[PDB]
Amino acid sequence: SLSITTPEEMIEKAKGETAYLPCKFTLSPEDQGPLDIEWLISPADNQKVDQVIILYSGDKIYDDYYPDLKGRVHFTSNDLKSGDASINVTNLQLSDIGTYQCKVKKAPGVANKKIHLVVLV
């Protein structure tokens, strides 16, 4: 088991600003496997869902590799292993509106949490 301590919440920011989407987690004793973190986006302005935007796996970050939000979504912490899977989305666009899901796995534990993002003109 594994818990994401951030609550599901709605972040509202203005176009062109930076959105911080928190995702902080704690581990249970059996979570001894490799830390794996992913974020997915389900945008409001298209019917595509669960698209990967960022991944931490094998102690490497893959961010711009994923086309959605390329160049604009990055992990905020310099130590993800300390329990901080949060991300920043820079230069917010109206197309960024949607539901973002943080997925944290440290085998065998798994947890997920959704953050809703609204961008204001």
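Because the Cβ atoms are built from the backbone with ideal geometry, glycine has one as well, and the counts that use them run over all protein chains shown. Throughout, read-outs are computed from the coordinates displayed, never taken from laboratory work.
Residues of the stretch 82-121 being closer than 17 Å to residue 22 by Cβ and assigned to a loop (DSSP other than H, G, I, E, B), which ones? Scanning the stretch 82-121 gives 83, 85, 86, 90, 92.
Taking the stretch 1-43 as the range and being loosely packed, with under 15 Cβ neighbours inside 10 Å and either touching a helix residue (DSSP H, G or I) at 6+ places or on another chain (Cβ under 6 Å) or among the hydrophobic types (A, V, I, L, M, F, W, C) (or both) as the test, the residues that pass are 10, 14.
Against the list (1) over 14 Å from residue 86 (Cα atoms); (2) touching a residue at least 24 places away in the same chain (Cβ under 8 Å); (3) not acidic (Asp, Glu), the condition residue 37 fails is (1). With respect to being within 19 Å of residue 27 (Cα to Cα) and exposed (fewer than 13 other Cβ atoms within 10 Å of the Cβ), residue 59 fits the description.
Scanning the stretch 82-92 for residues that are closer than 15 Å to residue 106 by Cβ, surrounded by 13 or more Cβ atoms within 10 Å (Cβ to Cβ) and over 9 Å from the mean Cα position of the chain (by Cα) gives 83, 84.
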